[PDB]
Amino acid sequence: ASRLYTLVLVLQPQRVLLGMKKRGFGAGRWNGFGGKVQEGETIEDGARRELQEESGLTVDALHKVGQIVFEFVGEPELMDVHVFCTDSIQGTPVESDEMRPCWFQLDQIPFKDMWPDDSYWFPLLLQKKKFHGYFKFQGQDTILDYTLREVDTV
């Protein structure tokens, strides 16, 4: 019982693009760009589509960097998030009614205003490591248990 989601991090040598979600699931937190994968669409195609919808950016090749499964206690469906990175995009980040994008220097990533699990795996992403993670949440703020391991093949 898991649902497929994507997450895209535009990660350049000295900065990363995050977006402040304005409403819905995850509102009020900085994050990468992503969402549900649709019928008849590959995971990577869904990731590329979500980046365009939410940031206005066009990406060619995405690189698989991680998979994180999220459990929210009391909710039946696990969220199976496939995480991708790119350093090459086209277009300018656009603010919309749904999303406010902003570039961050790697030393100033706003972990206090992000999902709490990001503090665990984002540093692996910054050092170009790949990972498999599982996080059990109570509500949206409390990590009850987790696992996180580096891998060679996502």
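Sequential numbering from 1, following the sequence displayed. Just so we're on the same page, rigid core means the largest C-alpha set that superposes within 1.5 Å between forms.
Student: Quick one: with the core lined up, is it 90-98 or 120-128 that wanders further in 6 other deposited structures of this protein, going by C-alpha RMS?
Tutor: It is 90-98 whose C-alphas lie farther from the shown form in 6 other deposited structures of this protein.
Student: Quick check on the record: does 33-41 or 56-64 carry the larger mean Cα temperature factor?
Tutor: The entry gives the higher C-alpha B-factor average to 56-64.
Student: Which has the higher mean CA temperature factor in the PDB entry, 20-28 or 140-148?
Tutor: Mean B over CA atoms: larger for 20-28.
Student: Return the residue from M114, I89, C85, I109 that has the highest Cα B-factor in the entry.
Tutor: That would be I89, according to the entry.
Student: Give the position of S2 by CA B-factor within its chain, expressed as the lowest, middle or highest third.
Tutor: Middle third of the chain for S2's C-alpha B-factor.
Student: Would you mind ranking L51 by its C-alpha B-factor against the rest of the chain and naming the third, lowest, middle or highest?
Tutor: Tercile = middle for this residue's CA B-factor.
Student: According to the PDB entry, is the CA B factor of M99 in the bottom, middle or top third of its chain, that is, lowest, middle or highest?
Tutor: Its C-alpha B-factor belongs to the middle third of this chain's values.
Student: Ranking the modelled residues of this chain by C-alpha B-factor as given in the entry, is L124 in the lowest, middle or highest third?
Tutor: Tercile = lowest for this residue's CA B-factor.
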